[PDB]
Every structure is written in C-alpha cells, then in structure tokens.
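Protein chains: 4
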Amino acid sequence: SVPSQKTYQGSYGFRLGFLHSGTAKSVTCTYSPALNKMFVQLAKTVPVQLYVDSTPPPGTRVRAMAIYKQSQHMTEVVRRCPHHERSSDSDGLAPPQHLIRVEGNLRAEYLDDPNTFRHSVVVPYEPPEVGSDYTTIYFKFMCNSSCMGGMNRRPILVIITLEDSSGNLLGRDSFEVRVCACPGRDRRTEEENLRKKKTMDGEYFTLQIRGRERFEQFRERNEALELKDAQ
Amino acid sequence: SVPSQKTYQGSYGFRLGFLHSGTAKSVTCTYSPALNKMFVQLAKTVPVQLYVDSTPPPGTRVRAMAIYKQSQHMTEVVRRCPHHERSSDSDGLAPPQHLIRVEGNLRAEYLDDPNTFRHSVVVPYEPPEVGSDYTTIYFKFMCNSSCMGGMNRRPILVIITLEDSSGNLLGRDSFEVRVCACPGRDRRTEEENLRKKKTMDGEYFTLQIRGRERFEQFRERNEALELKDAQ
Amino acid sequence: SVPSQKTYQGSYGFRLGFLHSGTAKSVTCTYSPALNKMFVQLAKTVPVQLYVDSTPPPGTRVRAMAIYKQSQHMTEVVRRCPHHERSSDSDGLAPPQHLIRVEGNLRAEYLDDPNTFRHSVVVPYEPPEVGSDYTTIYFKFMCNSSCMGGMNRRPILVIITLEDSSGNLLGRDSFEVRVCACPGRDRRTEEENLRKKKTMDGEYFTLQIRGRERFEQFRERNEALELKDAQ
Amino acid sequence: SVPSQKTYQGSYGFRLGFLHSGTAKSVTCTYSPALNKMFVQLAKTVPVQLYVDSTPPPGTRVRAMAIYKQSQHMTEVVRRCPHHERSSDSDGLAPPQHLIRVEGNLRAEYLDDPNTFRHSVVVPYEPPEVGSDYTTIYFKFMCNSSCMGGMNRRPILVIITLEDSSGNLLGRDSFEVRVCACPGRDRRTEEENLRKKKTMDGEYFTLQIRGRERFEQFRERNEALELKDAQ
DNA sequence: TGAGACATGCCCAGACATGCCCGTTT
DNA sequence: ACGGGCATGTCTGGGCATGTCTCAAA
Ligand SMILES: [Zn+2]
Ligand SMILES: [Zn+2]
Ligand SMILES: [Zn+2]
Ligand SMILES: [Zn+2]
Numbered sequence: 096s097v098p099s100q101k102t103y104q105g106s107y108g109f110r111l112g113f114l115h116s117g118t119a120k121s122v123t124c125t126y127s128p129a130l131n132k133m134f135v136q137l138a139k140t141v142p143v144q145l146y147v148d149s150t151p152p153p154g155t156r157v158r159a160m161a162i163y164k165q166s167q168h169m170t171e172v173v174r175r176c177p178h179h180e181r182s183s184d185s186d187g188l189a190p191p192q193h194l195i196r197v198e199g200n201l202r203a204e205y206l207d208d209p210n211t212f213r214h215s216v217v218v219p220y221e222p223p224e225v226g227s228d229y230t231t232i233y234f235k236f237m238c239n240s241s242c243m244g245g246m247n248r249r250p251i252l253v254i255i256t257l258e259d260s261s262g263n264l265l266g267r268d269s270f271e272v273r274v275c276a277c278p279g280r281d282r283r284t285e286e287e288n289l290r291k292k321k322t323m324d325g326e327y328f329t330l331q332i333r334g335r336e337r338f339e340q341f342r343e344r345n346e347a348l349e350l351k352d353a354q
Numbered sequence: 096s097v098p099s100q101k102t103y104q105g106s107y108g109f110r111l112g113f114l115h116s117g118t119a120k121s122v123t124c125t126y127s128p129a130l131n132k133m134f135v136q137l138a139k140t141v142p143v144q145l146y147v148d149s150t151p152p153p154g155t156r157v158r159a160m161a162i163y164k165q166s167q168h169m170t171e172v173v174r175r176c177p178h179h180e181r182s183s184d185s186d187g188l189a190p191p192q193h194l195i196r197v198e199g200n201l202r203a204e205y206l207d208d209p210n211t212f213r214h215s216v217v218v219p220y221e222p223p224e225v226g227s228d229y230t231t232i233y234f235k236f237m238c239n240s241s242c243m244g245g246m247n248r249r250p251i252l253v254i255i256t257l258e259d260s261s262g263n264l265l266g267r268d269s270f271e272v273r274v275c276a277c278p279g280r281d282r283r284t285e286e287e288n289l290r291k292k321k322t323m324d325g326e327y328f329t330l331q332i333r334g335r336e337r338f339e340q341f342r343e344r345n346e347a348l349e350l351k352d353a354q
Numbered sequence: 096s097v098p099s100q101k102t103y104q105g106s107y108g109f110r111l112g113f114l115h116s117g118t119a120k121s122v123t124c125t126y127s128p129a130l131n132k133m134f135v136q137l138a139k140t141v142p143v144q145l146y147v148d149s150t151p152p153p154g155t156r157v158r159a160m161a162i163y164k165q166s167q168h169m170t171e172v173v174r175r176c177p178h179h180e181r182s183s184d185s186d187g188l189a190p191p192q193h194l195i196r197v198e199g200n201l202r203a204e205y206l207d208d209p210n211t212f213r214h215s216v217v218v219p220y221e222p223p224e225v226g227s228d229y230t231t232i233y234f235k236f237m238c239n240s241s242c243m244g245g246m247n248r249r250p251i252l253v254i255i256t257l258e259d260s261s262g263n264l265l266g267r268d269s270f271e272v273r274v275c276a277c278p279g280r281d282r283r284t285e286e287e288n289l290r291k292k321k322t323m324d325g326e327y328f329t330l331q332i333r334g335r336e337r338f339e340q341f342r343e344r345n346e347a348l349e350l351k352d353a354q
Numbered sequence: 096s097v098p099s100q101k102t103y104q105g106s107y108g109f110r111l112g113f114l115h116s117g118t119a120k121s122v123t124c125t126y127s128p129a130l131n132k133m134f135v136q137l138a139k140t141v142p143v144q145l146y147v148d149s150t151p152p153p154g155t156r157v158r159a160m161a162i163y164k165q166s167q168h169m170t171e172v173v174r175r176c177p178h179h180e181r182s183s184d185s186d187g188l189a190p191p192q193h194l195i196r197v198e199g200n201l202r203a204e205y206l207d208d209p210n211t212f213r214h215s216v217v218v219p220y221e222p223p224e225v226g227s228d229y230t231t232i233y234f235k236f237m238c239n240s241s242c243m244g245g246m247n248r249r250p251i252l253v254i255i256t257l258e259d260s261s262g263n264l265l266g267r268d269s270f271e272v273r274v275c276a277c278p279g280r281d282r283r284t285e286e287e288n289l290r291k292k321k322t323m324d325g326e327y328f329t330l331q332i333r334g335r336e337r338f339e340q341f342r343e344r345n346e347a348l349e350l351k352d353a354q
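Respectively, the protein sequence lines represent chains D, B, A and C. All letters in the first sequence, in the order written, are residues 96 to 292, 321 to 354 by PDB author numbering. All letters in the second sequence, in the order written, are residues 96 to 292, 321 to 354 by PDB author numbering. All letters in the third sequence, in the order written, are residues 96 to 292, 321 to 354 by PDB author numbering. All letters in the fourth sequence, in the order written, are residues 96 to 292, 321 to 354 by PDB author numbering.
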C-alpha cells in the first residue's frame, strides 16, 4: 500500500513553508521553490514551517513519511541503506533503520507499522511561539539520496501530515528532498536543466479540434498559458 | 467457458483511470489513450486507478485475469514460458505460473479455478482516503508479450472485474497490454499506425500550442473527446 | 571446470575439415574459413571431416562438446533452452537437453557427466571409405544460437576430440558454430564486419623499444607481418 | 597477523599467467602486464593460469587470499560490504561474506581461519591436460573494489599460493585486483598515467606499426618486458 | 570552507541484432 | 531461395551523475 500524497489543507488550512539559503548553515541545506524540492546534506538539519489557519484541537499530532517519487518504485518502502543501518549515529530514541529523524524533541515517536510496513515519525502539535505565525520543526535524513541498498538514487518524497488524536487525517502536504554532498551544486544543476527545458525547446505544433463549443474550451485553456508564461 | 470483455461498469462506477505521462524512450510505463492499451516493461509496476460513485458493501473484491484478444487463441490459458516459469525472485507469496501479480498487498490471493484452470488474482477493495477521490492498485506483469513458448506475440487484454464478497459479479472493465522493451517506442510507433491509416472527413478548428512534451501531452489530450458519438 | 580447447594433432595428426556452401542444402549450412566458423540452421544437418595421418588403434572414439567462447561464460554448461527441452524433436536415442546430436548413427552415445556436468556425444572411430582420406560425420544442433534460457546469443565453440578406449586424449580440434535462421546472411555480415576491421582502420602508431638485441626481436617480428598482409 | 606476499617459485618453479584481452568498455575482465593488475567487473570471471616446472606431490593445493595493498590497512581483513553480504547468491556452497569465490569446482573449500580471521578458498591442484602446458582456475570477486563499509575504495592484492597436503608452503605468487564497472576505461587511464609518469634512461630504437589493436598488442608485449628489467 | 578537479557508477538516444513473412527468380 | 522490409530485444561509446580530495584565498 502506497500512502497518499495528495495535498489537502483541511479545515485548518494546513500547509508547509521553507526558508532561504545563502547565509550560515545554508549551503548545507537549500530549498528551491521552482522545484518545491529541498536539497540537503546527509545527517544535517533541515527546518520546516507548519502553517495553520485556525488552531488544531487537543491531541493533534504531526507525522512525516517518505515514499519514492517514481511510480515503478512507490510500492517500495523507503528503508535506510545497510551500511548505515549499522552505525552509532543514533541519539538512542530513534531506530537505525528509519531515514527521517526529528531533531531536538524527546517527545517525538518513531513508528514501524505492522501492516503497511512503512516508516514514520510523529510529534505532538505545538502552537506558534508568540510573534511568528508558524511552528518550525527540525528534520534529519540519515542516508544519502544515492546510497546502494538504500534509496539508490531514486528520488523520494516527504509527506507531512496533520492527524488527530485518533489518527484521522486533518491536513496533508509534501515536498521533494534530495540528500547529497553538494546541495548548492545539485540545486543549481537541476534549476539549470529546467531553465534549459523551456528555452532549448521552442518549436510550435498545431492541433485539430472539432466542436465549436469544444474549441472555446481549449481556447480559454491555452489562452490561459499564454499569460502565465511570458511573465 | 470463456471470460467476457463486456464493458460493465456495474451499479457503483467501477471504471479505470491512468496516469498522464511522457512517452520518451526511457520510461517503464505509458498508457494508450486511444487503444486503451498499456506498454509496461517486463516485471515493472503498472498503476491502475479505480473511480466510482457509491461505496460497495464491506467485502467487494477486485480481480485480474488475462485473455488473448485474438479470436483465434482467445480461448487459451495465459501462462508463462518454462524459462521465467522456472525462476523465483523476491516474492515468496505468489506462484511462478501466474502472469499478473499485485505489488505490496499481503491481502492478495492468486487462484486457478478448479474448473477453468484460469490464472486470477483477487485483492481486497479499499476506499479513497480523505481529500482524494479514487484508488489505484499496483499491478506487475511478469512476462514479455512476445516471449517464445507462451503468450508469443498474441496481443492481450487484462480483465479487471469488481466481484462482490461471494465471487459474484458487481463491476468490470478491461484494457490491452503490451509487455515490450521500449514502451515509448512501441507507443510512438504503434500509434502513428492510427495517424496515417485513414484520412477521414470533417472540418475541425485551428489551434496551435507550444512545448515538446508539454504539447506532446496536449495533442495527446485531444483523443479523449469525440469518443462520445459512436460506441 | 572448463574443458580445454587447445588444438593438439597428437601422434595421428588429427584435424578437422569442412566443405563449401552454394549448391543444394548449402545455404542451410555454410562454413567461413576466415572465421573458422560454421553458420547453420536450427536442427539442420552439418557434415564434418575427420582427417588423421596414421590409423587410430582399436577402440578409438570421437567426441563432440560445446563450451561458451567468451570468458565470462565458459564455466557455464551449454544447455538447451527450456522451450525446446520440451519437444518431441528427439529420435529417441538422444536426451532432450543435449544441444549437439550425431545424425545417422545408432552407435552414437550421449553423456551427461556426473562431475563436470558437461554434455557430450561419442561415436566409435570409423576408417575412411576407400577413395577419400577422411571420415565424414554428421551433427545437428537443437537450439538457435539466441534462444532465451539457452545459449542466449552467447557464441559457442565445438571441441571435437579423439580419445582412446579408456578415454585418454589422442588429438583435439575445434571450430566456432552459430545456430540461426539465415546462415548465408549472418556469414556475409560477419565476413563484412571483418573486411571492415582492416580497411576502416589504417592509422599508424610508433613504439619505443630499448635494447639492441630486443629491437631485432621486434623487427623480425613486425617485418613478418609486413609480408603476410599486403598479399 | 599479516600474510607474506614475497614471491616464491619454489622447487617446482611456480608462477601465474593471464590472458590477453583488450580494453573496450564492453570487456568484463582485462589484465595488465604493465601494472600486473587484473581489472574485472563485479562477480565476473577472472581466469588465472598456473605454470609449474615440475609436477607437485600428491595432495598439493592452491589457495587464494586477498590483502589490502596499502601499509596502513594491511592488517584489516577483506570482507564483503554490508550490502552485498545480505545477498545469498546462487552459490550456496560459499560463505555469504567471502570476497573471493571460485567457479565450477565442487571440490573447492572456503576458509575463515580462527586465529587470523582472514578469508581464503582452496582447491586441489590439477596437472595440465595433455597438449596444454599449464592449468587455469576460475575466480569471481563478489564486490566492487569500492563498496562502502567494505574495501571502500582500497586497493587489494590477491596472493595465490601453492600449499601441500600438510599445507606447507610450496610456492607463491600474486597480482593486483580492482573490481569495476569499466575495466576497459579504468585500466586505460591507470596504464596511461604510468605511460607518462616515467621517462626512463637509455637509447631507444624506433619501430613504426600499422593498426591500433595490433599496436596496442606490441605495446603490451613491450611494457611487460620493461617490467622484466625493473623488479 | 568554496570551487575545481577527479573518481567511478550509470543512463541512453541511436544503432545493431535476429527471427520472420512476403513476394518473385535460377 | 536469396535479397528486402519488419517487429522486437539489446549493445555502446559518449556523456552524465555524485561522493570526495586538493590547494589557494577570505
Ligand atoms: Zn547510506
Ligand atoms: Zn517469459
Ligand atoms: Zn531454443
Ligand atoms: Zn559490496
């Protein structure tokens, strides 16, 4: 079974938010909106902001899980490479197989589901600190997005979800994460192969569309991309 | 007896949906909008969606059984060549003789009717989560649609039924499959054969777009339209 | 264990000889000396000549065995593809797994060694028929040099050997065989990629060789290829 | 404890020999007379010849062991990386953790010396088949020479040794290994960086040659000799 | 540390490979 | 009865991907 990744703000307008990269511990963790992807170094900290309109009811929790992005791999549980699964790199509260880890919260709980066989981590929801309108959370990924025996270069996706005391869904969101050794580089590169997927390709193509009422449906459809593009 | 490929939605809405993606020569899957055919590689994952209207009673199961579309052999069991049939992989819960399997679903069941010796698989039916509005089971075909001493190029058609808790009918639909090597290829090419095979008649509407795949999906997203005027 | 393929005429000057192709059942079996390779169709007859100086002692036998040509494959026994291993295409005297078969000799014996696990066939040595100075023998190969589960396109090598009553070696020889569906074609093609491996490549390269006495060793060495080439 | 590598021909003039393969990135194994190094891909065949002036006593054995080359790690037992170790390969006759395996020899024995803890495999010595004047033996290296949590990019040295019935040293020789994914390329480079690092001292005669493949062949014959006057 | 410059495992668009199915000549 | 397109599985050199080492400048 492959858990959903469908965005769903729920009745609390739950959604995620990230920070920029170019100061202190930034090159060791950068986010590119154009890709909605987080580039980060093995075992280094990645901060994430939880935004919510109203306020979650008592007992509310926040969970984080990973699924592969590509379809031929989804059904495959995202484990940790074997080499690393055998290392003292564990605060103690978190099992060695788990890829994702919450940093700085002894209230965090790790789960290795009996049925789905999926790996996840949960923490009690906490209200924003007076001043800011979000609750930042810290994550750490324990294997490179290219370890053999592990993810094996298969792009992964992190699904953050807001569940109630009973576990029921209340809101969901997600983002792509690539663990590596040169976040800055890999980000540029990828932001480049994109800034080269629009210019490099410019040729035009036509299409025959029968139906007076149908043409206006494709017209107003394509007349829409003509705006959100040249800008 | 012989299984019917009658497009029987049922009284709930047991239909089919497939992911819209490119058709370059490097992908493992790619659907035939037109021919309702599939082009997944050997042993790769096949994402099959299942929309509906009303939730069937607590027990409805889904099943998969293959059939050769060609009238000549449309009465012969769809097995595996003794080669791969003599091969066991990471799956100690799914017989080597069966063609179709489901990925991640320990609730699955593979059986050969003691009357038809038919290869079929039945996996429990789960309803859509909160937010989303459908469900997709992950199928995996274990043999090329051209392996000598088996299917042997004989085109096929997967019959996905929605039989209730007592094996009785309650929904059904099907689609063609082509376990080939370059899914993009035998999709770019097995498609043009229906893009020069006839000239036809009619007066469309002129509408040109932009983009390579951006459009390759656009003109592609032009087939699912006029199909509501014949059968 | 990979049996030897080292040519060895022995004390009887044992060696092999073939015929030309371009008459009757020729296109269904051709030999190209430039390659010392026999191109032949599945299940069709291939004739081979056994030449020997003196005359083998009483009890002498002749064996034929196949080994893969490429090194990463030698250690692999040359079996028959699974599809074919299950067919009535057997005179009865010869097991279905065996690739090589002697045609027209009920005195022939097939072996499936207990240790080497190799497949072989043997026949009592017979003197030339008055007139010719050789003993022709007939072979048949029961799988295409490209059957999956079988040789799988891996080039094979046939080692004919002259053993005594006890089994001791007395002479050995060998030749390359490719089973296919278009011997003529495949032969030309290959005789072409060769007639294109000498002309296509002509550039010269130099080499520094210290040692007065050593230079004359490479001189008389290369001064040798200058003769057997332009001719 | 660290085993000796000091060559030792012994009273039977024991020493190894290798084939003469090329460098196309399609080769799976390829030795270097220059570097006296083998470049084989993961789990592929590496034939090693065994020459001996006189035949050994009844019971003589050949044992092959690996050692890290570098003085720093020369005391660290060579094991398979965590990943490949957790893979039971179609060779249940051999320990899942042994780096070196032998192919096609049921009489082979794998070892885990209690004291030293080193790993090695042994096989009974076999006299050269008539006509031939040496014995080859087939090995496989179950792990790239850079698996992490394994050799981890550390060069190793395989020490073939000839021991007797009562395991006494009889002779010994060795060679360098590297398990890649491009034995062709990797060797070209490594061989090239030597074919530049040295200038040597002397008077060199000049010999022009025709043909890249042929030239490369002499060049090899010549670099091998240029080693027969170094160490 | 920040940017090259390697090192070394792997993708791949574009050929090649190889069994066949026509159709038509010596 | 041997040259010709054809349906399909597959090889391959040129390039790309991804961790890590190395030297000079805030
Ligand atoms: Zn790892
Ligand atoms: Zn098959
Ligand atoms: Zn076969
Ligand atoms: Zn390994």
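Yeah, the Cβ is synthetic: ideal placement off N, Cα and C, and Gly gets one too.
Residue i, enclosing beta strand (DSSP E) - first and last residue
i, result
"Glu258 of chain D", "251 to 258"
"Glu180 of chain D", "No beta strand (DSSP E) contains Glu180 of chain D, which is instead part of the alpha helix (DSSP H) from 177 to 180."
"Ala119 of chain B", "Premise fails: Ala119 of chain B is in no beta strand (DSSP E) and is neither H nor E."
"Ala159 of chain D", "156 to 163"
"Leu194 of chain D", "Here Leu194 of chain D belongs to no beta strand (DSSP E), and DSSP marks it neither H nor E."
Residue i and residue j closer than 8 Å at C-beta
i, j, result
"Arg273 of chain A", "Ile254 of chain A", "no"
"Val197 of chain D", "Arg156 of chain D", "no"
"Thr140 of chain C", "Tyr205 of chain C", "no"
"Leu111 of chain D", "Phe270 of chain D", "yes"
"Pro98 of chain C", "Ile162 of chain C", "yes"
"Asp324 of chain D", "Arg282 of chain B", "no"
"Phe341 of chain B", "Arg333 of chain D", "no"
"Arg175 of chain B", "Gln192 of chain B", "yes"
"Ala276 of chain C", "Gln136 of chain C", "yes"
"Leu265 of chain A", "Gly105 of chain A", "yes"
Chain B residues whose Cβ lies nearer than 7 Å to that of residue i
i, result
"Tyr103 of chain D", "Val225, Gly226"
Assumed close pair residue i, residue j - CB separation to whole angstroms, cut-off 8 Å
i, j, result
"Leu252 of chain C", "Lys164 of chain C", "5 Å"
"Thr211 of chain B", "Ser96 of chain B", "6 Å"
"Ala159 of chain A", "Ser121 of chain A", "So it is not a contact: roughly 22 Å between Cβ atoms."
"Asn345 of chain A", "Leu330 of chain C", "6 Å"
Cross-chain neighbours of residue i in chain A, by beta carbon under 7 Å
i, result
"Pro177 of chain B", "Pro177, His178, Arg181"
"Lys139 of chain C", "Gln167"
"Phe328 of chain C", "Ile332, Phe338"
Endpoints, the alpha helix (DSSP H) within which residue i is located
i, result
"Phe338 of chain A", "335 to 348"
"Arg174 of chain B", "It is not in any alpha helix (DSSP H) - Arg174 of chain B carries neither H nor E in the DSSP assignment."
"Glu287 of chain B", "280 to 287"
8 Å Cβ cut-off: residues of chain B touching residue i
i, result
"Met133 of chain A", "Chain B residues near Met133 of chain A: none, gap ~24 Å exceeds 8 Å."
"residue 93 of chain D", "Residue numbering for chain D in the displayed model covers 96 to 354; residue 93 of chain D lies beyond these limits and cannot be assessed."
7 Å Cβ cut-off: residues of chain C touching residue i
i, result
"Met243 of chain D", "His178"
Under 8 Å by beta carbon: chain A residues contacting residue i
i, result
"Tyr233 of chain C", "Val97, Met169, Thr170"
"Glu198 of chain C", "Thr170"
Quiz item: Taking one C-beta from the region 223 to 243 of chain D and one from the region 122 to 131 of chain D each time, how about it: are there three or more such pairs within less than 8 Å?
Solution: no
**Any 3 or more C-beta pairs closer than 8 Å across the region 176 to 196 of chain A and the region 141 to 153 of chain A** = no
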